[PDB]
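A single chain comes next, written as structure tokens; it is the form deposited in one PDB entry.
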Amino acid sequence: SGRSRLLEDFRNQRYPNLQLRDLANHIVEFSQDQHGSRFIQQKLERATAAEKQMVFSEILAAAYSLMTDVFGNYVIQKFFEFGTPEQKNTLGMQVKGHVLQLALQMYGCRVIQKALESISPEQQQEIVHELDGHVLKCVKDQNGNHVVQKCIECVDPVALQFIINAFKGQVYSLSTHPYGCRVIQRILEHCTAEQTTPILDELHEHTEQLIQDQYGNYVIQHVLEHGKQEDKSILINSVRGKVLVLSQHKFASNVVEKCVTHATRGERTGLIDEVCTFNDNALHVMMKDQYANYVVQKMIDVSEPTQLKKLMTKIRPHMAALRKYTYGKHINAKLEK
């Protein structure tokens, strides 16, 4: 069966001045339609509390089905953003008992995220309690991980301890997971020092593997860009002596750049001198490499003058030849700009 006459006429531009009240008895049908849903979304704000209640009445009967609908989920979200406190509370009761199922659903997870941004701390903690015992399942889920991230962003850290507890012994597995690595970073941004300490401790049991992992390299870079000095120095200690090799790696080259950027003055001198203070060809190998040439350029940018002079002494003899090299030519281009 197909679209009602009213919906089809609306879609064919037959009612260019249509209003919400004209949709009586067809609100759910419009909400399940791409264009009908956009119409409701656009009209809900600027509408009168009386208009919203007729809309709210019809969706409420079908609230759960709309939360998981490709087009209806936006209408539910619109009531979390523009509804009265009572409407928001009534929607919370429709979510109650279904948080996990919605969090794992590709459209339901959008409703849960919007709710978390839109409701009181008390109402947030009702939602979070339903994820206790299902943390790892949600974190490793393509929809659920976004709900867990949003909880960490928006909810009092005290109520998040169950996530920290569930992550014990799982930090390497999650930091190397396409979805888990996102949640680890949210934890490092938003959780308390007592919560991040066991995460960081466990992280540091796996530094060398994480640095060269497809997803773990982002977690390591996060700590270098945002973490405490003590943790940055631990990380830098897994890179010293390894600059040449790691700079040639697609993933780890980015870690090397963050090490030289966020190091202390002395650590940065140590890492840069490793590849230019000895009489070896490390810097030349790096300049010609598809990834390490970016590391050389970063070292040029962050080097204090003493180290810049040392780099330039290694570079200058190769300048004329570098212009023909696929990646090396970018060193010459930088220095000739």
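All residue numbers are counted from 1 along the displayed sequence. We call the rigid core whatever largest set of C-alpha positions still superposes within 1.5 Å between the two forms.
Absent from the display: the form deposited in another entry. The rest refers to it.
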| said: For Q307, does the CA position differ by 2 Å or more between the shown form and the other one when the superposition is done on the rigid core? | reply: yes
| message | Is the shift of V55 between the shown form and the other one large enough to count as movement, that is, does its C-alpha move by 2 Å or more after the core is superposed? | response | yes
| query | Superposing on the rigid core, do we see a C-alpha displacement of 2 Å or more at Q229 between the shown form and the other one? | reply | no
